[PDB]
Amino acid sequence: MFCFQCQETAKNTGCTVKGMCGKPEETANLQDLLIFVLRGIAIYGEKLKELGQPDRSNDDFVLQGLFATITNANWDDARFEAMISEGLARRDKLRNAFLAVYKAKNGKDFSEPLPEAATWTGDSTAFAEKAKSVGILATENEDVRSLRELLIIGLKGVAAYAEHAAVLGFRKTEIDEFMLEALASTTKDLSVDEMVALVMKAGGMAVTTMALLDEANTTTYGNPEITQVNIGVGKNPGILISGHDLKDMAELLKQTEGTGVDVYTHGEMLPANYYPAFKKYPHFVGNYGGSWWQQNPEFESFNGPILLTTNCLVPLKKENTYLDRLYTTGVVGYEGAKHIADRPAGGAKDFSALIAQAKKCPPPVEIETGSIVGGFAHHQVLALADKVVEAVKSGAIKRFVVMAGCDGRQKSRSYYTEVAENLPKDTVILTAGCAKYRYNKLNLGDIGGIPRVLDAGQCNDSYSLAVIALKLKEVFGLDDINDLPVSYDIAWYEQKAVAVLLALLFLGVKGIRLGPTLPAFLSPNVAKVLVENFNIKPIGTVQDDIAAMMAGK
C-alpha cells in the first residue's frame, strides 16, 4: 500500500504495509480506488459545466466519498466497495450526457484520449487488483505527486466541513464545483504555477466552507457561550457521542429526553456543551475522557453505547469488549459495528436501539472530576471585545498563542503541554480542535476574569480565531494581520487540520509553527516554496520556541 496523509505516517515518509493508524492494505487500496473513480466523475462533471450544462446530482456523493477516506473515518471494506460501484454508475451517467452534448456542440463524436479514471470499469471482483495500480505512487514525478496530494488532502478536509454544512441545509455551488475542478486537475499535466494556484484556491475555499459551517452551526443551535463543563459522571446509564456532527447531537438529545439515559460528549463533541440549544437539557451531563487516541480504555470504561458521528474511530484492541455497543453513523463505518442509517429528507435519524441498549448498561466509571471551561467562539469573544482590548492595552495580556489543531499519540506532543505550562503568566492560549486536550485540564487560571485558555470549539472553529484576529487587526489599526501580538503554534494530525492550515495561509498568516513534525507529502522543492512564501517553521525546543514567540518571531 501507500498512504502518507496524516502526521503519524511511518518514518514520516509513508505507510507501506499496514498503516500506523491500523489501516490494512486492502482498505488503503480500496480508498485509492474510490478516489480514482471520483476523479472520473470530476472529469465529466467539469466538462459538462464548461459546456454550459452543469450537473450537480453528485454533489453529496462526492463530499461523502472524500470524507470516508479521511484518517480514522471508515474501516468497512464493504462500504468502500459499495461506493466504488455506485461511483462507476454515476460516472457513466455523466459520460453519456457529456458525449451527447459534445456531439451537439461540435458536430462530431468526442474522440480525445482520456485518463483511465474516466473509462475503466469492473465488478467488485476486479477492485482489489486494479486498486494496486491507481494509488499515489502512480505519479512518478515527486513534485507533481506532492502538489497533487497536498491538493487532495486539503480538499478532503474542505469536503468534511462542507458535508456538515450540507446536513444543516447550507450549500454553495462554488464549493461543489471546486471539488470537481480540483479532482479533475490531478489527472492533467499542469505547470508548477498552475498546481500551486490550485492549492491556494483550495485555501480560499476552506475559508468559504469554514465560514459556511460556522453560519450553519450558529444559526441552527445558537452562538456558543461561556460554559463550565462537568468532566465527572452521573448515576444513570449513558450514551457517549463522539466526532463532530451537531445535528446528530440535536436528535440524540431530543430522543433521550425523559428516558433515564444521560448523554455525554467525547473528543470533538465537547463544543456541543457550549451551544444554547443543547444546554437546555438537564440529562446532558458533560464531557467524558480525553483526546481521540485514548478512546480504547475510555470507551470501555464508559460502559454504555458509543456513537461515532465522524472520525476519529480507532480500531479495537484485541481485549476490548465494546464492539457490541459501538454505533457508527454518517460516513463512519466499522466491521461488526451497528450503523445508524441516514435521516430521510426533512426527518431524523433513529437512535432508539442505542437507548434500549443503554438501559441495560451500568453507569460510566468516573475517571476524573472537575470541569473544563469553554465557549469562546467569535460572537462570545467579540461580545467581550472592550474587556479583551483593555487587557491588551494595560499589558495584562502581553500575547496570544494560537495552539489550535489536532492531537495525536506520539510522545513528542508533550511539547504542547510543556509550552502551555511554561508560557509566561500574562499570555492567553487560543484553541480549537482536539489539540486542546494537551492543555485544557491544567490549572492556568485567568487574567482579570479572562481564562488563560480560550476554547472556541471544534477544529472548524479555528474560523472563530481568524475572525477574532481580523477584528483585532481593525481595532488596532494595523495594515498587516501578522503584526498583532499573536503567535501560531499549531498541531496537526489529519486532513481537516491541513484545510485549516491552507485557510490561514490564504488569509496571509506567516511564520506558523507546524508540528510535531512536518507533512510527508511535502517534497523538498515544495517544502522550500512554502518556506519562501509563508515562513512555515517546524517546532524546536520548548524553551527556544517560547522565547522566539514572545519576541514575535
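We number the residues from 1 along the sequence you see. For clarity, a rigid core is taken as the largest C-alpha set superposing within 1.5 Å between two forms.
- Averaged as a root mean square over residues and superposed structures in 4 other deposited structures of this protein, CA distances to the shown form are larger in 99-107; the pair compared was 68-76 and 99-107 with a core fit.
- Relative to one another, 392-400 and 165-173 have unequal mean CA B-factors, and 392-400 is the one with the higher figure.
- The deposited model assigns a higher average Cα B-factor to 117-125 than to the other stretch when 117-125 and 269-277 are compared.
- Reading the B-factor column for the CA atoms of 214, 368, 245, 149 in the entry, the top value corresponds to 368.
- Each of 79, 188, 145, 387 has a CA temperature factor in the record; the biggest one is found at 387.
- Residue 40 sits in the lowest third of its chain by CA B factor, as recorded in the PDB entry.
- Among all modelled residues in this chain, the alpha-carbon of residue 474 has a temperature factor (C-alpha) in the highest third.
- Ranked by C-alpha B-factor against the other modelled residues of its chain, residue 515 falls in the middle third.
- Sorting the modelled residues of the chain by their CA temperature factor places residue 499 in the lowest third.
- Among the modelled residues of the chain, residue 50 sits in the highest third by CA temperature factor in this PDB entry.
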